[PDB]
Amino acid sequence: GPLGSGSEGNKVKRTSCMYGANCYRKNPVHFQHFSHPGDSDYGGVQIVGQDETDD
Ligand SMILES: [Zn+2]
């Protein structure tokens, strides 16, 4: 529920964002609720490139 919900922006494993590598919105509090590739807590790994072998 809202009001008193959102405290994971320091030492926690954030959940990967619904876009994973294509996120488009960007807020100061969204980075704390969803993780992204390139962060020490990213953990989505939903087949985005696969060892760069798409030829
Ligand atoms: Zn995001």
# chains A, B, ... in the order shown; residues from 1 in each chain; ligands from 1
$ residues_near_ligand --ligand "ligand 1" --cutoff "7 Å" --atoms "only C-alpha atoms and all ligand atoms" --output "PyMOL selection string"
chain A and resi 17-19+23+25-26+30-31+34-36
$ write_last_selection --atoms "N, CA and C atoms" --output "CSV table (one decimal), in the first residue's frame"
chain,number,residue,atom,x,y,z
A,17,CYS,N,13.7,-4.1,-13.2
A,17,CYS,CA,12.5,-3.3,-13.7
A,17,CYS,C,11.7,-4.1,-14.7
A,18,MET,N,10.4,-3.7,-14.9
A,18,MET,CA,9.6,-4.5,-16.0
A,18,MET,C,10.3,-4.3,-17.4
A,19,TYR,N,11.0,-3.3,-17.6
A,19,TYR,CA,11.7,-3.1,-18.9
A,19,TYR,C,13.1,-3.8,-19.0
A,23,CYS,N,14.1,0.3,-20.0
A,23,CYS,CA,13.3,1.2,-19.2
A,23,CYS,C,13.4,2.6,-19.8
A,25,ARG,N,11.1,5.6,-18.4
A,25,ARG,CA,10.8,6.6,-17.3
A,25,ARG,C,12.1,6.7,-16.4
A,26,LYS,N,12.2,7.8,-15.7
A,26,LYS,CA,13.4,8.0,-14.8
A,26,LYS,C,13.1,9.0,-13.6
A,30,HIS,N,12.1,6.0,-8.3
A,30,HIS,CA,11.9,4.7,-9.1
A,30,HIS,C,13.2,3.9,-9.0
A,31,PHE,N,14.4,4.5,-9.1
A,31,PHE,CA,15.6,3.7,-9.0
A,31,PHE,C,15.7,2.9,-7.7
A,34,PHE,N,12.8,-0.2,-8.3
A,34,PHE,CA,13.2,-1.2,-9.4
A,34,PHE,C,14.7,-1.2,-9.7
A,35,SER,N,15.3,-2.3,-9.9
A,35,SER,CA,16.8,-2.3,-10.2
A,35,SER,C,17.0,-2.3,-11.8
A,36,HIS,N,18.2,-2.0,-12.2
A,36,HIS,CA,18.4,-2.0,-13.7
A,36,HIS,C,19.8,-2.5,-14.0
$ residues_around --residues "residue 44 of chain A" --least-positions-apart "2" --cutoff "7 Å" --atoms "only C-alpha atoms" --output "count of residues only"
4
$ closest_residue --among "A:27, A:53, A:10, A:22" --to "residue 41 of chain A" --atoms "only C-alpha atoms"
A:10
$ select_by_dssp --residues "chain A" --states "alpha helix (DSSP H)" --output "PyMOL selection string"
chain A and resi 30-33
$ write_last_selection --atoms "N, CA, C and O atoms" --output "PDB file, in the first residue's frame"
ATOM      1  N   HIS A  30      12.107   6.021  -8.286  1.00  0.00           N
ATOM      2  CA  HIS A  30      11.909   4.742  -9.069  1.00  0.00           C
ATOM      3  C   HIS A  30      13.191   3.893  -9.023  1.00  0.00           C
ATOM      4  O   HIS A  30      13.126   2.684  -8.904  1.00  0.00           O
ATOM      5  N   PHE A  31      14.353   4.512  -9.086  1.00  0.00           N
ATOM      6  CA  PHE A  31      15.628   3.712  -9.008  1.00  0.00           C
ATOM      7  C   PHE A  31      15.664   2.920  -7.687  1.00  0.00           C
ATOM      8  O   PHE A  31      16.304   1.889  -7.604  1.00  0.00           O
ATOM      9  N   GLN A  32      14.985   3.391  -6.653  1.00  0.00           N
ATOM     10  CA  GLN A  32      15.005   2.634  -5.350  1.00  0.00           C
ATOM     11  C   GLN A  32      14.010   1.460  -5.382  1.00  0.00           C
ATOM     12  O   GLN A  32      14.207   0.468  -4.705  1.00  0.00           O
ATOM     13  N   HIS A  33      12.929   1.563  -6.133  1.00  0.00           N
ATOM     14  CA  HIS A  33      11.932   0.434  -6.154  1.00  0.00           C
ATOM     15  C   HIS A  33      12.296  -0.623  -7.209  1.00  0.00           C
ATOM     16  O   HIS A  33      12.073  -1.802  -6.999  1.00  0.00           O
TER      17      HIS A  33
END
$ closest_residue --among "A:13, A:28, A:55, A:1" --to "residue 40 of chain A" --atoms "only C-alpha atoms"
A:13
$ atom_distance --atom1 "atom CA of residue 21 of chain A" --atom2 "atom CA of residue 4 of chain A"
28.5 Å
$ select_by_dssp --residues "chain A" --states "strand (DSSP E or B)" --output "count of residues only"
4
